[PDB]
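Shown below: coords.tsv, with TSV, C-alpha atoms and all ligand atoms.
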```tsv
chain	number	residue	atom	x	y	z
A	1	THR	CA	115.13	108.25	82.96
A	2	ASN	CA	114.39	111.97	83.37
A	3	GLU	CA	116.11	112.89	80.08
A	4	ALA	CA	114.20	110.09	78.31
A	5	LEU	CA	110.88	111.38	79.67
A	6	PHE	CA	111.55	114.94	78.48
A	7	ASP	CA	112.37	113.52	75.05
A	8	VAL	CA	109.09	111.57	75.04
A	9	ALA	CA	107.10	114.68	76.01
A	10	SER	CA	108.65	116.56	73.07
A	11	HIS	CA	106.67	114.31	70.69
A	12	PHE	CA	103.37	115.75	71.88
A	13	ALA	CA	101.59	119.02	71.11
A	14	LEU	CA	101.88	120.40	74.64
A	15	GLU	CA	100.93	124.06	75.18
A	16	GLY	CA	103.69	125.03	77.61
A	17	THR	CA	107.36	124.59	78.45
A	18	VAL	CA	107.86	121.41	80.49
A	19	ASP	CA	109.25	122.07	83.96
A	20	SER	CA	109.02	118.57	85.46
A	21	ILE	CA	107.86	115.04	84.71
A	22	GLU	CA	107.29	112.90	87.79
A	23	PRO	CA	105.63	109.55	88.58
A	24	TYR	CA	101.99	110.07	89.48
A	25	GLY	CA	99.72	107.69	91.40
A	26	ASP	CA	100.29	104.05	92.33
A	27	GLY	CA	98.70	102.33	89.35
A	28	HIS	CA	99.35	98.62	88.83
A	29	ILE	CA	99.23	98.58	85.04
A	30	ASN	CA	100.39	101.58	82.98
A	31	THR	CA	103.28	103.86	83.96
A	32	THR	CA	101.81	107.28	84.70
A	33	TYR	CA	103.51	110.66	84.98
A	34	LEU	CA	102.44	114.19	85.81
A	35	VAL	CA	103.81	116.75	83.36
A	36	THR	CA	103.95	120.22	84.88
A	37	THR	CA	104.55	123.14	82.51
A	38	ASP	CA	104.70	126.93	82.96
A	39	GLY	CA	100.99	126.83	82.06
A	40	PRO	CA	98.83	123.68	81.78
A	41	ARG	CA	99.46	120.24	83.27
A	42	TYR	CA	99.26	116.86	81.55
A	43	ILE	CA	99.18	113.16	82.26
A	44	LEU	CA	101.79	111.28	80.24
A	45	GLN	CA	101.34	107.51	80.16
A	46	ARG	CA	103.44	104.64	78.93
A	47	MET	CA	100.92	101.97	78.06
A	48	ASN	CA	101.64	98.48	79.26
A	49	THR	CA	101.97	96.61	75.98
A	50	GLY	CA	102.55	93.31	77.75
A	51	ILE	CA	98.98	93.62	79.02
A	52	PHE	CA	97.56	95.65	76.10
A	53	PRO	CA	99.50	94.45	73.05
A	54	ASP	CA	96.92	95.77	70.58
A	55	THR	CA	97.54	99.48	71.05
A	56	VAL	CA	95.77	100.46	67.83
A	57	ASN	CA	92.48	98.84	68.96
A	58	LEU	CA	92.88	100.16	72.51
A	59	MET	CA	93.32	103.74	71.33
A	60	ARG	CA	90.49	103.35	68.81
A	61	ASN	CA	88.20	102.42	71.73
A	62	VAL	CA	89.45	105.32	73.86
A	63	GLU	CA	88.99	107.79	70.99
A	64	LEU	CA	85.45	106.52	70.33
A	65	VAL	CA	84.37	106.67	73.96
A	66	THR	CA	85.86	110.12	74.60
A	67	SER	CA	84.62	111.64	71.36
A	68	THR	CA	81.10	110.35	72.14
A	69	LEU	CA	81.23	111.86	75.64
A	70	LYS	CA	82.37	115.19	74.20
A	71	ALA	CA	79.54	115.11	71.62
A	72	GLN	CA	77.16	114.82	74.58
A	73	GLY	CA	78.82	117.77	76.33
A	74	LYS	CA	80.43	115.69	79.06
A	75	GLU	CA	83.85	116.20	80.61
A	76	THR	CA	86.18	113.32	79.85
A	77	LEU	CA	89.80	112.41	79.10
A	78	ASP	CA	91.11	114.84	76.46
A	79	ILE	CA	93.74	113.20	74.24
A	80	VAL	CA	96.63	115.50	73.33
A	81	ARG	CA	97.86	114.56	69.89
A	82	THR	CA	101.45	114.05	68.79
A	83	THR	CA	103.11	116.86	66.83
A	84	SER	CA	102.46	114.58	63.83
A	85	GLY	CA	98.72	114.63	64.62
A	86	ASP	CA	98.25	111.10	65.99
A	87	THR	CA	96.40	109.96	69.13
A	88	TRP	CA	99.52	108.21	70.49
A	89	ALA	CA	103.13	107.44	69.58
A	90	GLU	CA	105.63	104.61	69.62
A	91	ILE	CA	108.81	106.19	71.03
A	92	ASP	CA	111.99	104.21	71.74
A	93	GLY	CA	110.25	100.88	72.34
A	94	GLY	CA	107.32	102.26	74.36
A	95	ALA	CA	103.73	103.20	73.50
A	96	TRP	CA	102.83	106.65	74.84
A	97	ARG	CA	99.78	108.83	75.16
A	98	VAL	CA	98.95	112.18	76.75
A	99	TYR	CA	95.77	113.46	78.38
A	100	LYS	CA	95.05	116.94	79.70
A	101	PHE	CA	95.24	116.99	83.50
A	102	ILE	CA	91.74	117.25	84.91
A	103	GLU	CA	92.07	120.13	87.37
A	104	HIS	CA	90.37	120.86	90.70
A	105	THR	CA	89.65	117.22	91.50
A	106	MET	CA	89.99	114.77	94.36
A	107	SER	CA	90.29	111.06	94.03
A	108	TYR	CA	90.26	108.43	96.70
A	109	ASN	CA	92.03	105.12	97.20
A	110	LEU	CA	89.67	104.28	100.08
A	111	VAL	CA	86.19	105.52	100.97
A	112	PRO	CA	86.52	108.34	103.52
A	113	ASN	CA	82.78	108.74	104.20
A	114	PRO	CA	79.54	107.19	102.94
A	115	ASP	CA	78.59	110.20	100.79
A	116	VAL	CA	81.70	109.79	98.63
A	117	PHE	CA	80.79	106.16	97.95
A	118	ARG	CA	77.14	107.01	97.29
A	119	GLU	CA	78.39	109.52	94.69
A	120	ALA	CA	80.68	106.81	93.23
A	121	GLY	CA	77.57	104.64	92.85
A	122	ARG	CA	75.77	107.44	91.02
A	123	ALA	CA	78.79	107.94	88.74
A	124	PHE	CA	79.21	104.31	87.73
A	125	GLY	CA	75.44	103.73	87.56
A	126	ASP	CA	75.21	106.70	85.21
A	127	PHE	CA	78.14	105.31	83.22
A	128	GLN	CA	76.14	102.10	82.60
A	129	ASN	CA	73.47	104.24	80.97
A	130	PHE	CA	76.10	105.98	78.88
A	131	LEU	CA	77.59	102.68	77.71
A	132	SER	CA	74.16	101.32	76.81
A	133	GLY	CA	74.36	103.74	73.88
A	134	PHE	CA	76.98	101.47	72.25
A	135	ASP	CA	76.43	98.21	70.42
A	136	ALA	CA	78.58	95.46	71.93
A	137	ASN	CA	80.25	95.28	68.51
A	138	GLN	CA	81.60	98.87	68.47
A	139	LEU	CA	84.09	98.42	71.30
A	140	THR	CA	86.80	95.79	70.91
A	141	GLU	CA	87.75	93.53	73.83
A	142	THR	CA	91.13	94.96	74.81
A	143	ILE	CA	91.78	91.92	77.01
A	144	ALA	CA	90.11	88.56	76.37
A	145	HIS	CA	88.24	86.68	79.14
A	146	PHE	CA	88.71	89.71	81.32
A	147	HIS	CA	86.01	88.95	83.89
A	148	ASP	CA	85.56	85.37	82.81
A	149	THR	CA	86.20	84.05	86.31
A	150	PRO	CA	86.36	80.37	85.31
A	151	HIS	CA	89.01	81.30	82.72
A	152	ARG	CA	90.88	83.25	85.38
A	153	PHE	CA	90.73	80.13	87.55
A	154	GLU	CA	92.31	78.08	84.75
A	155	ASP	CA	95.12	80.64	84.68
A	156	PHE	CA	95.42	80.35	88.49
A	157	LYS	CA	95.72	76.56	88.29
A	158	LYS	CA	98.44	76.89	85.65
A	159	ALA	CA	100.39	79.32	87.87
A	160	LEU	CA	99.97	76.93	90.80
A	161	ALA	CA	101.17	73.91	88.79
A	162	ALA	CA	104.24	75.75	87.50
A	163	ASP	CA	105.08	77.19	90.95
A	164	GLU	CA	108.07	78.88	89.26
A	165	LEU	CA	109.45	80.48	92.44
A	166	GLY	CA	108.45	77.81	94.98
A	167	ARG	CA	106.11	80.39	96.51
A	168	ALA	CA	103.21	77.90	96.82
A	169	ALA	CA	104.70	76.37	99.98
A	170	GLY	CA	104.13	79.60	101.93
A	171	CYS	CA	100.56	80.37	100.79
A	172	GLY	CA	98.72	77.07	101.34
A	173	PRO	CA	95.74	78.64	103.14
A	174	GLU	CA	95.23	81.19	100.34
A	175	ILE	CA	95.54	78.54	97.63
A	176	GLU	CA	92.99	76.39	99.49
A	177	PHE	CA	90.53	79.30	99.58
A	178	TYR	CA	90.55	79.70	95.77
A	179	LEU	CA	90.43	75.96	95.16
A	180	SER	CA	87.49	75.42	97.53
A	181	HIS	CA	85.46	78.31	96.08
A	182	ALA	CA	85.72	76.95	92.54
A	183	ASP	CA	82.01	76.08	92.40
A	184	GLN	CA	81.18	79.79	92.69
A	185	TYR	CA	83.03	81.20	89.67
A	186	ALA	CA	80.69	80.33	86.82
A	187	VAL	CA	77.43	82.05	87.74
A	188	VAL	CA	77.70	85.24	85.66
A	189	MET	CA	79.39	83.64	82.66
A	190	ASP	CA	76.70	80.91	82.69
A	191	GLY	CA	73.96	83.56	82.61
A	192	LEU	CA	75.65	85.57	79.86
A	193	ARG	CA	75.90	82.37	77.81
A	194	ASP	CA	72.27	81.26	78.26
A	195	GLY	CA	70.89	84.79	77.75
A	196	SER	CA	69.46	85.14	81.28
A	197	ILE	CA	71.93	87.95	82.09
A	198	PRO	CA	72.07	90.73	79.45
A	199	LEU	CA	75.34	91.30	77.63
A	200	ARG	CA	76.04	95.01	78.12
A	201	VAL	CA	78.97	97.30	77.43
A	202	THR	CA	80.70	97.88	80.79
A	203	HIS	CA	83.67	99.77	82.25
A	204	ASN	CA	85.25	96.70	83.86
A	205	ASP	CA	87.59	98.48	86.31
A	206	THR	CA	85.26	100.43	88.55
A	207	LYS	CA	87.50	100.98	91.55
A	208	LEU	CA	86.89	104.24	93.44
A	209	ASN	CA	90.12	105.87	92.28
A	210	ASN	CA	88.87	105.77	88.70
A	211	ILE	CA	86.40	108.54	89.48
A	212	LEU	CA	87.56	112.11	89.80
A	213	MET	CA	85.39	114.11	92.20
A	214	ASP	CA	85.21	117.90	92.22
A	215	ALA	CA	87.55	119.35	94.87
A	216	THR	CA	84.90	121.80	96.12
A	217	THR	CA	81.48	120.17	95.56
A	218	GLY	CA	82.43	116.47	95.76
A	219	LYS	CA	80.27	115.83	92.69
A	220	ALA	CA	81.67	113.34	90.18
A	221	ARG	CA	83.59	115.15	87.43
A	222	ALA	CA	84.87	112.38	85.16
A	223	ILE	CA	85.38	108.66	84.98
A	224	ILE	CA	88.92	107.83	84.00
A	225	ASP	CA	90.82	104.69	82.94
A	226	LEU	CA	88.81	103.82	79.84
A	227	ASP	CA	91.11	100.95	78.81
A	228	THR	CA	88.80	98.03	79.63
A	229	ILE	CA	85.49	99.37	78.30
A	230	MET	CA	84.09	96.36	76.41
A	231	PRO	CA	81.16	93.93	76.49
A	232	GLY	CA	80.42	92.40	79.89
A	233	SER	CA	77.71	92.30	82.53
A	234	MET	CA	76.57	95.25	84.68
A	235	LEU	CA	77.39	92.88	87.55
A	236	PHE	CA	81.12	93.18	86.80
A	237	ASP	CA	80.94	96.95	87.32
A	238	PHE	CA	78.81	96.78	90.47
A	239	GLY	CA	80.76	93.90	92.03
A	240	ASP	CA	84.20	95.40	91.38
A	241	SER	CA	83.12	98.71	92.94
A	242	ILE	CA	81.98	96.85	96.04
A	243	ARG	CA	85.25	94.84	96.12
A	244	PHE	CA	87.40	97.96	96.29
A	245	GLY	CA	85.15	100.45	98.01
A	246	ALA	CA	83.02	98.57	100.55
A	247	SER	CA	86.29	97.59	102.26
A	248	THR	CA	87.29	99.44	105.39
A	249	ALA	CA	90.92	99.07	104.29
A	250	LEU	CA	93.35	99.55	101.42
A	251	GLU	CA	93.63	96.79	98.84
A	252	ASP	CA	97.19	96.14	100.06
A	253	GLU	CA	96.58	96.68	103.79
A	254	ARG	CA	99.18	94.54	105.61
A	255	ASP	CA	97.23	94.55	108.86
A	256	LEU	CA	94.25	92.24	108.23
A	257	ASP	CA	92.58	93.34	111.45
A	258	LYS	CA	91.86	96.64	109.66
A	259	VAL	CA	90.10	94.85	106.77
A	260	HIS	CA	86.30	94.51	106.93
A	261	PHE	CA	83.35	94.43	104.60
A	262	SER	CA	81.06	97.35	105.49
A	263	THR	CA	77.34	96.93	104.86
A	264	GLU	CA	76.93	100.68	105.45
A	265	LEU	CA	79.27	101.36	102.51
A	266	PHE	CA	77.57	98.59	100.51
A	267	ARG	CA	74.25	100.34	101.08
A	268	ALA	CA	75.61	103.80	100.16
A	269	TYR	CA	76.98	102.56	96.81
A	270	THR	CA	73.84	100.54	96.08
A	271	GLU	CA	71.62	103.58	96.70
A	272	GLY	CA	73.65	105.67	94.23
A	273	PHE	CA	74.06	102.96	91.59
A	274	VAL	CA	70.54	101.48	91.60
A	275	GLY	CA	69.16	105.03	91.76
A	276	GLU	CA	70.51	105.57	88.23
A	277	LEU	CA	69.36	102.21	86.86
A	278	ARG	CA	66.27	101.09	88.80
A	279	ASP	CA	63.91	100.81	85.82
A	280	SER	CA	66.50	99.06	83.63
A	281	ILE	CA	67.95	96.44	85.99
A	282	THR	CA	66.50	92.99	85.25
A	283	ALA	CA	65.13	90.71	87.95
A	284	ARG	CA	68.09	88.34	87.51
A	285	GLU	CA	70.62	91.19	87.66
A	286	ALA	CA	69.04	92.48	90.89
A	287	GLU	CA	69.09	88.96	92.39
A	288	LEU	CA	72.84	88.76	91.78
A	289	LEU	CA	73.93	92.20	93.02
A	290	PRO	CA	75.11	90.98	96.45
A	291	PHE	CA	76.97	87.97	95.06
A	292	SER	CA	78.66	90.02	92.35
A	293	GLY	CA	80.71	91.52	95.18
A	294	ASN	CA	81.86	88.05	96.27
A	295	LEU	CA	82.60	87.06	92.68
A	296	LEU	CA	84.70	90.05	91.65
A	297	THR	CA	86.58	90.02	94.95
A	298	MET	CA	87.41	86.34	94.50
A	299	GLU	CA	88.44	86.93	90.90
A	300	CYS	CA	90.75	89.80	91.75
A	301	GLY	CA	92.14	87.96	94.79
A	302	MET	CA	92.86	84.92	92.67
A	303	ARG	CA	94.61	87.10	90.08
A	304	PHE	CA	96.78	88.63	92.81
A	305	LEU	CA	97.71	85.17	94.10
A	306	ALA	CA	98.40	83.83	90.61
A	307	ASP	CA	100.67	86.82	90.04
A	308	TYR	CA	102.47	86.19	93.34
A	309	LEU	CA	103.04	82.56	92.27
A	310	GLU	CA	104.33	83.76	88.86
A	311	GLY	CA	106.80	86.28	90.23
A	312	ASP	CA	104.67	89.41	89.87
A	313	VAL	CA	104.75	89.74	86.09
A	314	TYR	CA	101.28	91.35	85.82
A	315	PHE	CA	100.75	93.86	88.64
A	316	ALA	CA	103.30	96.44	89.74
A	317	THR	CA	104.66	95.68	93.23
A	318	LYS	CA	106.84	97.41	95.83
A	319	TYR	CA	108.09	94.37	97.77
A	320	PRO	CA	108.26	90.56	97.39
A	321	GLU	CA	105.02	89.59	99.20
A	322	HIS	CA	102.95	92.53	97.88
A	323	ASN	CA	100.61	90.42	95.76
A	324	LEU	CA	100.14	87.89	98.57
A	325	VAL	CA	99.21	90.78	100.88
A	326	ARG	CA	96.70	92.01	98.29
A	327	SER	CA	95.22	88.52	97.84
A	328	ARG	CA	94.75	88.19	101.59
A	329	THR	CA	92.64	91.35	101.92
A	330	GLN	CA	90.37	90.03	99.16
A	331	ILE	CA	89.96	86.69	100.99
A	332	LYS	CA	89.10	88.42	104.28
A	333	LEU	CA	86.51	90.58	102.50
A	334	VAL	CA	84.83	87.58	100.83
A	335	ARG	CA	84.64	85.73	104.15
A	336	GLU	CA	82.88	88.76	105.65
A	337	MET	CA	80.59	89.12	102.61
A	338	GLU	CA	79.50	85.51	103.14
A	339	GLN	CA	78.57	86.30	106.75
A	340	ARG	CA	76.50	89.32	105.66
A	341	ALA	CA	74.69	87.69	102.71
A	342	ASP	CA	71.21	88.03	104.24
A	343	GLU	CA	71.87	91.68	105.11
A	344	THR	CA	73.11	92.62	101.64
A	345	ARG	CA	70.15	90.90	99.99
A	346	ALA	CA	67.88	92.87	102.34
A	347	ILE	CA	69.71	96.09	101.48
A	348	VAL	CA	69.27	95.49	97.73
A	349	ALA	CA	65.58	94.67	98.28
A	350	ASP	CA	65.06	97.87	100.30
A	351	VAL	CA	66.81	100.03	97.69
A	352	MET	CA	64.77	98.38	94.93
A	353	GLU	CA	61.62	99.18	97.00
A	354	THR	CA	62.49	102.84	97.68
A	355	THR	CA	63.79	103.64	94.16
B	401	LIG	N1	93.27	113.05	82.93
B	401	LIG	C1	93.70	112.93	84.21
B	401	LIG	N2	93.66	113.97	85.07
B	401	LIG	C2	94.08	113.86	86.35
B	401	LIG	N3	94.57	112.72	86.87
B	401	LIG	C3	94.66	111.58	86.11
B	401	LIG	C4	94.21	111.63	84.71
B	401	LIG	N4	94.41	110.41	84.19
B	401	LIG	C5	94.93	109.63	85.18
B	401	LIG	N5	95.08	110.33	86.33
B	401	LIG	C6	95.66	109.79	87.59
B	401	LIG	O1	96.52	108.68	87.28
B	401	LIG	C7	96.41	107.65	88.26
B	401	LIG	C8	95.84	106.35	87.69
B	401	LIG	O2	96.07	106.17	86.28
B	401	LIG	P1	95.37	104.90	85.56
B	401	LIG	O3	95.45	105.13	84.07
B	401	LIG	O4	94.01	104.76	86.21
B	401	LIG	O5	96.32	103.63	86.00
B	401	LIG	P2	96.38	102.06	85.52
B	401	LIG	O6	97.74	101.58	85.85
B	401	LIG	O7	96.20	101.93	83.92
B	401	LIG	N6	95.20	101.06	86.34
B	401	LIG	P3	95.84	100.66	87.91
B	401	LIG	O8	97.40	100.55	87.60
B	401	LIG	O9	95.41	99.37	88.46
B	401	LIG	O10	95.53	101.86	88.95
B	401	LIG	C9	95.46	108.18	89.32
B	401	LIG	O11	96.24	108.67	90.41
B	401	LIG	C10	94.68	109.30	88.64
B	401	LIG	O12	94.34	110.33	89.56
B	402	LIG	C1	93.76	96.11	83.10
B	402	LIG	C2	93.76	95.52	84.49
B	402	LIG	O1	94.15	94.37	84.68
B	402	LIG	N1	93.33	96.32	85.48
B	402	LIG	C3	93.36	95.88	86.87
B	402	LIG	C4	91.97	95.55	87.43
B	402	LIG	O2	91.37	94.51	86.64
B	402	LIG	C5	92.12	95.10	88.87
B	402	LIG	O3	90.83	94.88	89.44
B	402	LIG	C6	92.81	96.19	89.67
B	402	LIG	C7	93.07	95.77	91.10
B	402	LIG	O4	93.46	96.95	91.83
B	402	LIG	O5	94.09	96.46	89.08
B	402	LIG	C8	94.04	96.93	87.73
B	402	LIG	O6	93.38	98.19	87.64
```

If you convert what's in this file into structure tokens, what do you get?
Amino acid sequence: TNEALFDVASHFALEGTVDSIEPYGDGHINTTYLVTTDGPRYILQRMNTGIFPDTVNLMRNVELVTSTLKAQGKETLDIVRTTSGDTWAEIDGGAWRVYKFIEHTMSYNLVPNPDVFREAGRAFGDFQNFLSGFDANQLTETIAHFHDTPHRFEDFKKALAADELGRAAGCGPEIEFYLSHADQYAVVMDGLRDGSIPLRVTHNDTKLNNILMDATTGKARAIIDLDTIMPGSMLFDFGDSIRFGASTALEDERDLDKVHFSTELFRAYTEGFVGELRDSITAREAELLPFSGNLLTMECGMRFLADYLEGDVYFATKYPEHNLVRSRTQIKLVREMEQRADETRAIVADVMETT
């Protein structure tokens, strides 16, 4: 594997002699490596072509978004071209790209304090304003039905019916949760379809670890993981951030007694996010901010459970029950979100008042 990785790196216009190439992060989707040279560092990624089969359109999107950010003077992912001059390469059956390593940054897999999450809100709120500069038609959907929760639920039911590994028998309570909540999945798609929720270009994977913060100041430096930028609703970006970051625990926390929905963290993110968007957010969008957290958490939880039932073909895992463990944290969070619905509505109202 090491020899193969060094060979891959040799296809790119790196500006130093490679000393090591090692797995970096715990991403579920692409395979990411840190390339350390005698000078600069790089991120080398093998794109998951099972999930992103249309590499040409994916890289066209990434090139467009990054070049636009650069034209505005913003720090972003800097593609390092192949020695042949291309934005990526097919090498020995894999699709590979390289970015410059963004130095002097911190990222977080869990909110350590409310200020970090407030800053995350500012960063993703600001990113909505950036993406509003694009026509929906400029950025291709890299994955269809991506936050179409009813479509995700159809996929879940298919996984359940197939029950390829006989795993359904051991996750009855979790299956029942997603079945019983089925009435709740259509709200955003219904509003997009009838024009009552604006169709906007969105990031679509707004977990906290997709923001790099400055290692000294804590100020957002750059939003990363640009692979799912495509038309959607602002509510997908807000709700997914709340899913991941308003939790008191890791997404794959095995001890459910550590998992809670924090209204303090909800408030911190809301203050940052709405602060960037207050005069643009529609009445209907504002009405749905609290529930968007429930919706995206249920969608992701359902996807984890579907993957568990399918033998973990979608998300990377470290052990057999990993996706079940992930699905369970999402369920616990939704149950707590339901209990705090009046509070979160009040928080949104207060932020709307003070901004
Ligand atoms: N340009 C960069 N500079 C520094 N770190 C980076 C850069 N690009 C990616 N990373 C790191 O790579 C890891 C995540 O890569 P990412 O492309 O977000 O993974 P993904 O698999 O496509 N999505 P997911 O698997 O669900 O996390 C994180 O640990 C980031 O800190
Ligand atoms: C391309 C893709 O499926 N990305 C997913 C994202 O949708 C999901 O919310 C997250 C859960 O941690 O894992 C990945 O980042």

Original post:
In terms of the shortest atom-to-atom distance over all atoms listed in the file, which of A:251, A:353, A:342, A:103 is closest to ligand LIG 402 (chain B)?
Top reply: A:251

**OP:** Using all atoms listed in the file, pick whichever of A:58, A:197, A:175, A:116 has the shortest atom-to-atom distance to residue 324 of chain A.
**Re:** A:175

Original post:
Can you tell me which residues sit at most 9 Å away from ligand LIG 401 (chain B), counting only C-alpha atoms and all ligand atoms, written as an NGL selection string?
Top reply: :A and (24-34 or 41-45 or 47-48 or 76-79 or 98-103 or 105-109 or 205 or 207 or 209-212 or 222 or 224-227 or 315-316)

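The gap separating atom CA of residue 51 of chain A from atom CA of residue 307 of chain A is 13.1 Å, in Å to one decimal.
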
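Between residue 68 of chain A and the residues A:334, A:179, A:234, A:131, the shortest atom-to-atom distance, using all atoms listed in the file, involves A:131.
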
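Rounded to one decimal, atom CA of residue 65 of chain A and atom CA of residue 133 of chain A lie 10.4 Å from each other.
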
**OP:** Tell me, in Å to one decimal, how far atom CA of residue 265 of chain A is from atom CA of residue 180 of chain A.
**Re:** 27.7 Å

Draw an axis-aligned box over all listed atoms of ligand LIG 402 (chain B), pad each side with 5 Å, and write its centre and edge lengths in Å, one decimal, as AutoDock Vina command-line options.
```
--center_x 92.5 --center_y 96.3 --center_z 87.5 --size_x 13.3 --size_y 13.8 --size_z 18.7
```

Subject >> Selection: 7 Å around segment 146-149 of chain A, all atoms listed in the file, excl. self and same-chain fewer than 6 positions, as a list in words >> reply: residues 185, 186, 189 and 299 of chain A

With C-alpha atoms retained, could you export that selection as a JSON list (two decimals), keeping the file's coordinate frame?
```
[["chain", "number", "residue", "atom", "x", "y", "z"],
["A", 185, "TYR", "CA", 83.03, 81.20, 89.67],
["A", 186, "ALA", "CA", 80.69, 80.33, 86.82],
["A", 189, "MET", "CA", 79.39, 83.64, 82.66],
["A", 299, "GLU", "CA", 88.44, 86.93, 90.90]]
```

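Excluding residue 166 of chain A itself and any same-chain residue fewer than 3 positions from it, the protein and nucleic acid residues within 8 Å of it, counting only C-alpha atoms, are residues 163, 169 and 309 of chain A.
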
Selected residues, C-alpha atoms, written as a compact mmCIF listing (two decimals), in the frame of the given file, please.
```txt
# COMPACT_ATOMS: atom_id res chain seq x y z
CA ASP A 163 105.08 77.19 90.95
CA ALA A 169 104.70 76.37 99.98
CA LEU A 309 103.04 82.56 92.27
```

**OP:** Select, from A:343, A:3, A:92, A:38, the residue with the minimum atom-to-atom distance to residue 264 of chain A, counting only C-alpha atoms.
**Re:** A:343

Original post:
If we count all atoms listed in the file, what is near residue 145 of chain A at a cut-off of 12 Å, once residues fewer than 3 positions away on the same chain are taken out, given as a PyMOL selection string?
Top reply: chain A and resi 141-142+148-155+189+204+228+230-232+299

Go ahead and save the picked residues with C-alpha atoms, as an mmCIF file, in the coordinates of the input.
```cif
data_model
loop_
_atom_site.group_PDB
_atom_site.id
_atom_site.type_symbol
_atom_site.label_atom_id
_atom_site.label_comp_id
_atom_site.auth_asym_id
_atom_site.auth_seq_id
_atom_site.Cartn_x
_atom_site.Cartn_y
_atom_site.Cartn_z
ATOM 1 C CA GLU A 141 87.750 93.530 73.830
ATOM 2 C CA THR A 142 91.130 94.960 74.810
ATOM 3 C CA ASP A 148 85.560 85.370 82.810
ATOM 4 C CA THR A 149 86.200 84.050 86.310
ATOM 5 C CA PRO A 150 86.360 80.370 85.310
ATOM 6 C CA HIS A 151 89.010 81.300 82.720
ATOM 7 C CA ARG A 152 90.880 83.250 85.380
ATOM 8 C CA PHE A 153 90.730 80.130 87.550
ATOM 9 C CA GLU A 154 92.310 78.080 84.750
ATOM 10 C CA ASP A 155 95.120 80.640 84.680
ATOM 11 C CA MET A 189 79.390 83.640 82.660
ATOM 12 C CA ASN A 204 85.250 96.700 83.860
ATOM 13 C CA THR A 228 88.800 98.030 79.630
ATOM 14 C CA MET A 230 84.090 96.360 76.410
ATOM 15 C CA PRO A 231 81.160 93.930 76.490
ATOM 16 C CA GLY A 232 80.420 92.400 79.890
ATOM 17 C CA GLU A 299 88.440 86.930 90.900
#
```

Fewer than 6 positions away in the same chain doesn't count, so skip those; otherwise give me all residues within 8 Å of residue 253 of chain A, counting only C-alpha atoms, as a tab-separated table (two decimals) with C-alpha atoms, keeping the file's coordinate frame.
```
chain	number	residue	atom	x	y	z
A	259	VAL	CA	90.10	94.85	106.77
A	325	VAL	CA	99.21	90.78	100.88
A	326	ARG	CA	96.70	92.01	98.29
A	329	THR	CA	92.64	91.35	101.92
```

Subject >> Best match for closeness to residue 285 of chain A among A:200, A:181, A:70, A:167, counting all atoms listed in the file >> reply: A:200

I want to know what sits within 8 Å of residue 296 of chain A, based on only C-alpha atoms, with residues of the same chain fewer than 5 positions away left out; could you give that as a PDB file with C-alpha atoms, in the frame of the given file?
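New file part18.pdb:
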```pdb
ATOM      1  CA  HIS A 147      86.010  88.950  83.890  1.00  0.00           C
ATOM      2  CA  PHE A 236      81.120  93.180  86.800  1.00  0.00           C
ATOM      3  CA  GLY A 239      80.760  93.900  92.030  1.00  0.00           C
ATOM      4  CA  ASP A 240      84.200  95.400  91.380  1.00  0.00           C
ATOM      5  CA  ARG A 243      85.250  94.840  96.120  1.00  0.00           C
TER       6      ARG A 243
END
```
